[PDB]
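Colleague: this one's a deposited entry, sequence included:
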Amino acid sequence: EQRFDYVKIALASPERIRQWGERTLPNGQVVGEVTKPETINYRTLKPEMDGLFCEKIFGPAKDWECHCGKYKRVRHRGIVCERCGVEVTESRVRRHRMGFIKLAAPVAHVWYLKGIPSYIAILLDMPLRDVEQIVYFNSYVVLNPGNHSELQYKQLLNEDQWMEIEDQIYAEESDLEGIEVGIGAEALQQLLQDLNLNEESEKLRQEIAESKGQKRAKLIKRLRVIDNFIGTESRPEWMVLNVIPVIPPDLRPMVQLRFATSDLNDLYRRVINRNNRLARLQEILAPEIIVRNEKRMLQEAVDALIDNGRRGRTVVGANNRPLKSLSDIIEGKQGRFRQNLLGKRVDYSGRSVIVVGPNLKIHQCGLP
Amino acid sequence: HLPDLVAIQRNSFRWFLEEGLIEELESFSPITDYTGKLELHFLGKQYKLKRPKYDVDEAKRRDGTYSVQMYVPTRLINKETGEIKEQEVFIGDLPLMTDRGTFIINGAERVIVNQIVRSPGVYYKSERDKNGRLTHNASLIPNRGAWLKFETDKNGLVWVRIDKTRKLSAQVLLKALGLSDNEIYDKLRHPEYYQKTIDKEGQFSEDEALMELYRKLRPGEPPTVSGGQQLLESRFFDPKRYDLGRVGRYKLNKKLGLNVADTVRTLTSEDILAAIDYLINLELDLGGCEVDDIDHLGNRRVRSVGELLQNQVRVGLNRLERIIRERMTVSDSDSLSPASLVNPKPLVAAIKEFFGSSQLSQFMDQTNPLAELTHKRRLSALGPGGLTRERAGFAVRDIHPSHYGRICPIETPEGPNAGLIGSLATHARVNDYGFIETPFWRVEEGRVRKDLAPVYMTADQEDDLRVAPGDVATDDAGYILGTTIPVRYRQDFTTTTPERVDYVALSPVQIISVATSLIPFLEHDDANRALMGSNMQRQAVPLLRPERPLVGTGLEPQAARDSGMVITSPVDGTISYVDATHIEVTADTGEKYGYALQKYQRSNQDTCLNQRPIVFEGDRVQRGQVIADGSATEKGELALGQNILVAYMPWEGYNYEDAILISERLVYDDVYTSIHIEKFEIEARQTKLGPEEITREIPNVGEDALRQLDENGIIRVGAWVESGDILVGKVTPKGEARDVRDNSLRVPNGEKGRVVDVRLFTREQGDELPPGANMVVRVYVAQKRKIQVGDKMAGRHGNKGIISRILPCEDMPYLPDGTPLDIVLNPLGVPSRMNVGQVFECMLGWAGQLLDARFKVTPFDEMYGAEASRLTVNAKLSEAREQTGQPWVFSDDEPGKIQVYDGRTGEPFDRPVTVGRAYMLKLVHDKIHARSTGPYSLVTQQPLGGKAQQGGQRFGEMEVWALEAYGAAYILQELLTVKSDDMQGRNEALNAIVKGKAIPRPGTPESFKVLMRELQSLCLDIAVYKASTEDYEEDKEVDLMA
Amino acid sequence: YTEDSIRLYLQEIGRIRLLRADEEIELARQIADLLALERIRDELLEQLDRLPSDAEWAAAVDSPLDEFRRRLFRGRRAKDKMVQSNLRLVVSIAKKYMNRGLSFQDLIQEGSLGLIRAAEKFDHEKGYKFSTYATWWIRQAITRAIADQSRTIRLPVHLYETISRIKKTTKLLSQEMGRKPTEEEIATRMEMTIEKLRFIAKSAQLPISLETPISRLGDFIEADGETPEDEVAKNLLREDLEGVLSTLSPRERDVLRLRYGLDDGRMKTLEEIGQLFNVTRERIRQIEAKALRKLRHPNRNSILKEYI
Ligand SMILES: [Zn+2]
């Protein structure tokens, strides 16, 4: 009698994000990836083709009208054009379809990085500072101790220390084999893929049995998180993002009064610009420092998109005010829940000054 | 002795013009490039000013800005060739302050508010640990720059916390300054206390001091002695990054006891050493040391337009210097002239942003002259450099004893701004450092010396003296009468012999503001109702025919001469020409003076700013005599309300809980009727399809609705427009001849009146139209509003009410002479609110009507007798009774009460009631709103909010809780979905109602779908599921977005 | 362990020592060798329609695979060092546009591409310092990046140049005439129509954010759609039309519905009804006229007169 019974929330895998955004065309071409940081054309005021407001990805700007103007009127329902490949349908779909952005390098979801419980840190059993340094390209991590004697698994290496290790490994007399180091969110993804949850659970349970005090409490928290992951059948490396979803364009409207634009457009443009620059740098074999700085920039841009000002500096706008990111929409007294779901402005309502009507009855009111 | 009331706003601009802009130009004058080849000198002492274009009235009527152009002479000097190309460069456009203390920005009157901030200097504080001793810290705060915090630990250690970084022992800072141990040992008075820190932290030398300072300030970099030195020089020693200010230097010298020159405005070694010594002495309780209070008005300052402007000019000048250096070094050839070197865009932008978009420049309050006057005398604790609403707490919003005679303890807002905005007192003034002063008369051997001139004094000065209030009574000549006299000593109230009083306040109203000084019999009112009355006196509306109060207070003629709307003759002669728009007076032996009067203009608050003449043709006129008067003045003095007959008794429920019952005479006698002028605007733009045209060829309209258009598509001056009437006819080229679309401007629902002005502005006429517009039409519509059910009426003593009934004058109670009353007020509201002063004014007003007199009673009038107000009122009423001859006017058994009869039946009420003449005001503000269906929000598809766009009323979560407690499920579900954002259920419900069927079941509101999409966009795989019915089936994910 | 990102990049930069002119010349020779070798490989890619193997590429240079690979490495490292040691120059140039639409870090990363191109096109034989040639490329890359990434509604580079020239002409006229020039004067001086000038002025504007305080701007903007009220004069209308259609003969009404697309939204010709219906073309025209003539009478259709 009711359409849905329960609401379930889980950790999003990249496959799910792609499914949310990837839709196929009759021609066989698949669409749903935002590749250009372009919103609209300045002269025609018409959305670009592979941008944040594309009609081939999100839907036609005008209902039952094609982008190029080949098809118009309702008569053409479900007819994807051929010149531009836009689906002639209702424009309402522009507020339901998402599309996605594929990242040149993986980034870390700031929610699982910078939280009161740091789930990445708890799972990796590492202090939050070390995880942040690895993520933001301030230290290396020993993904594999290999054959070295003074190197331990998951050990932070400074730049000088890594240079010394490089000198050791490139010595003609070195028996050192199989040492691996990593920096960035890719290293975190490798560490998260290394975790075998069943064995970690068994080891933690055995250690908890022979433990007490704060050590027991910390191992209890680790076991709780690990058991949650075991039950949910979700891989922990999904906390490191390879693709990100794009919100439908009607939820970040770019209306004309001048053009008034949502802050999501600017944040998404930063993400796309940095991702494209990173891809170019990886295509021309740029110096390693430049590529690493671009990866750090991409991580920061995605961070500002997910929650502006949680980790680093706050991205201000044209005026010195914080940009409203995705997290700022669903929280606070001005957030979605408290401003639009638990309380709404309603129709069939009026408001006026009240005077005393002494001849009215208790069940009556005087309405102008 | 009242001086110019709006002088805090003039002195700060006269100062800016005289020596505020010069100091900032000269402070940045010598600009040099990096090669040191070219140098720009700004001879800023010779800045000339170009006369304002247009005019004040032209700027107002054109919707422009009243400003001048600034030109400074400059000289570009080539360091080698020596060619100097002297010239005068355009610096910017400076908006000018009018004769009334205001600015005209974009054709609107604006006022720069005064900001109360913390004064620069050094402030000591003692903090107590949960279990530890008292530990003292000192904060050094400049006019502009970085703060220098000192702290004493529990073990006797001295720490410094540059900026908000980690602490560092004071030895590092003192050695980095370039001081040997002997000098810092000698200057300190108790050197062993600092020797403990020296021993515990190790004697740093200068080199390692700078190394550690650099290491702590900027971690991660290799320390460098020069690096540290430069960091310190840029932090506390750079004249262009650290400014103590004149007040900062003055306060530092006064507190620390130094002697440094007033010209040096940066921190020096002496300063820090002294401050440390004072902290040590305060720790050791030396005797001449004391912690500071930050709410004291001696540690707080006032900034006005001059200072705030100076700062904006400084920022603009920094940007300009950056641009100049960039466009100076790049040039490989000395083909540059000073005209081509300076770019006035950053300075113009900074000044424009300050005057148009800052939160310290405010849209003028212009309801009446009192609101205008108190808007220029307002002190704010909020702004760029003050407090924030969430950070201001209980301590900041209270009355500090040091407010006595400088800030009014009554006049404030109510709500979130309570205690954060105040009003300057009557006699208070601000000196050139920024501290509020107040005047006193000197008292020698118990004699008040009014022959000598008032001695002004600041909050810190009048802490060691014993100051008597302004209500103390003196005998012939000046001796103070009595044996005990109230005085204030060290922010405390005591009593002394009148031979040990040092100063006496000038007036009894020296403690309150100007709006609160206009309330007669104020000492018989509660302070909360006094606040209400003072606040509501500034919301009164100028009426069609104003009238002076009969029980005025004496400050009315002075409260109206500062708004600059009353015209007085400066000349002792005769009047030769009187007109509705012009007055001319010929000096007895001299030239003719001519005045033009404003007529039916419009204020920021849509009231009318009329001006009418008082005199007649061929009239003898003396100097200082009123010639014309404003919209809220009668003959010289303020007039915000009217005097009407009032009785205090309950009606048949129409007086219930502050409601007001009035007579119909207030409607047909044009009492409490006012003129309100509104402005409507239409814009002709250029769309991609084409431009927009103003014409009478409007589609889907008949000639019966184009009667009053001026054959150009615009309504005519003098036409009566009702609701929905077209004002300007416009057509847009829509895309789908039969192609034009109608978006002509029409009167909003519920608005009517006459059209009095239709101004047109097009780019051809030489007007500054918006970027994408091609015609701006502005229409002004005026109307006369009468008192009606739902309007707010008020008195000067805080008694507000809403009119609930307007009775025909043969139903209202009447007097023993046949006069029906004008208003009946409930006495139930008087004793619980303690505004007894209203019961005194009425009675005195009654006497004043009967004696054809007007009484000027000053507040706190009981210094002359034991009960002065009551005795004066009783004597006046008895005198009126004897002069008139009617014994029913005044009765000895019930002084203030006389017999009143019932207009409906003719029977007298059981007991006499209190009647009198009361001075009541009609308050501003258009609030009735209703909606069925209208515009919706973009993201949530919920109805918009706002009266001007057919907005809905919000159903908050408290109302949801209320409906949940009732057990209501269907009212709640219909409100939440069908009437707000069920995008498909709204149309179905509306169609069912129109057709008469049943409203169908709702669906999922649009805000929920928006939230699910946003949560998915946060990389959350949240979804909605339908459970499987049978056993061997999986739960199915439901698609809401379909 | 600082949290600032720019300062961390500046430290990472400072760990590299500036090159000397002889070092620049030496690296330039190795860079040229790498470029020529890359060109050759590109030739092999055209010949093979695939990436050549290192052995095939070594064979194309008549070089032992070891020697060739080491030469390749040396060249890679040389170009890497040339870019790496000049990043300080990139930062020095990029700091001069930190308030134009791109953040400082974006200016640095966009100028790095220009430095890379400059290091790819530097000629030691020219006998000039690398800091002179590289500046042009760094400046060009940053300027292009600003032109293509500073605005939400991106404007083409020619539009930026047009706006700059308009500003310069306006300032020149203001200096010459001693007053603010009018629109017509500027349009004549620019030899362009006034409408083009107004179009440029309108397109140069920056988009205002939805959250500008007015309370935010985004809560005062209506939504595009059909008012629930305007949808009810649609259902109502069709019914009225259908009623008057019922009065017409069955064939007649079918003809009308098909000739106006009342069912499919698509107006059909004569010939589609000529084929779909029984009789052919030139018959449906008669039916259409004989139906309209019935409707045109004041009877059976007068409500719709007000809909006009
Ligand atoms: Zn198409």
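Modeller: Structure received. Numbers count the residues shown, from 1 in each chain, chains lettered A, B, ... in the order given.
Colleague: distance from the longest strand seen in chain A to the middle of the chain?
Modeller: Looking across chain A with DSSP state E, the single longest strand is strand A:100-108. Centroid separation between strand A:100-108 and its chain, computed with Cα atoms, centre = their mean, to the nearest Å, is 9 Å.
Colleague: list the helices and strands the lengthiest helix in chain C packs on?
Modeller: When chain C is parsed with DSSP state H, its longest helix is helix C:21-48. Judged by 3 or more Cβ pairs under 8 Å, 6 or more residues apart in numbering or on different chains; DSSP states H and E, the packing partners of helix C:21-48 are helix C:54-60, helix C:65-84, helix C:104-120. Heads up, the C-betas are built off the backbone N, CA and C, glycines and all.
Colleague: by proximity to the ion, which residue of chain A wins?
Modeller: Going by Cβ to the ion, the ion is nearest to residue A:81 of chain A, at 2.9 Å.
Colleague: from residue A:94, how far out is residue A:259?
Modeller: From residue A:259 over to residue A:94 the distance is 17 Å, taken as Cβ to Cβ, to the nearest Å.
Colleague: between these two, which has more neighbouring residues?
Modeller: Taking other Cβ atoms under 10 Å in any protein chain shown, residue A:259 and residue A:94 do not tie; residue A:94 has more neighbours (22 against 17).
Colleague: check which helix or strand covers residue 123.
Modeller: All of this refers to chain A. helix A:119-124 (DSSP states H and E).
Colleague: should've been chain B
Modeller: Using DSSP H and E, residue B:123 falls in strand B:121-128.
Colleague: what's the longest strand of chain A in contact with?
Modeller: A:17-18, A:20-22, A:32-34, A:120, A:135, A:184-186, A:188-189, A:239-246, A:268, A:271-272, A:275, A:278-279, A:282, A:295, A:298-299, A:302-303 (Cβ atoms under 8 Å, 6 or more residues apart in numbering or on different chains).
Colleague: what parts of the stretch 151-300 of chain C come near chain B?
Modeller: C:175, C:182-183, C:195, C:198, C:201-202, C:205, C:218-223, C:225, C:227-229, C:231-232, C:235 (Cβ under 8 Å from any Cβ of the partner chain).
Colleague: let's see that with 10 Å instead.
Modeller: Within the stretch 151-300 of chain C, the positions near chain B by Cβ under 10 Å from any Cβ of the partner chain are C:171, C:174-175, C:180, C:182-184, C:194-195, C:198-199, C:201-205, C:210, C:213, C:215, C:218-229, C:231-232, C:235-236.
Colleague: what does the stretch 101-250 of chain A give?
Modeller: Counting by Cβ under 10 Å from any Cβ, the residues of the stretch 101-250 of chain A that sit close to chain B are A:109, A:111-112, A:234, A:238-239, A:241, A:243-248, A:250.
Colleague: how about the stretch 101-250 of chain C: which residue is closest to chain A?
Modeller: residue C:207 (4.1 Å; Cβ to the nearest Cβ).
Colleague: residues contacting that residue?
Modeller: Residue C:207 makes contact with A:39-40, A:254-261, A:265-266, A:318, C:151-153, according to Cβ atoms under 10 Å, 6 or more residues apart in numbering or on different chains.
Colleague: of those, select the buried ones using a PyMOL command.
Modeller: In PyMOL, a selection of the buried entries from these looks like this (16 or more other Cβ atoms under 10 Å in any protein chain shown):
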select buried, (chain A and resi 39+40+254+255+259+260+261+265+266) or (chain C and resi 151+152+153)
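Colleague: next one: phi and psi at whatever residue of the stretch 201-350 of chain A ends up closest to chain C?
Modeller: As assessed by Cβ to the nearest Cβ, chain C sits closest to residue A:259 within the stretch 201-350 of chain A, at 4.1 Å. Here is the backbone geometry of residue A:259 (degrees, to the nearest 10): phi -100, psi 120.
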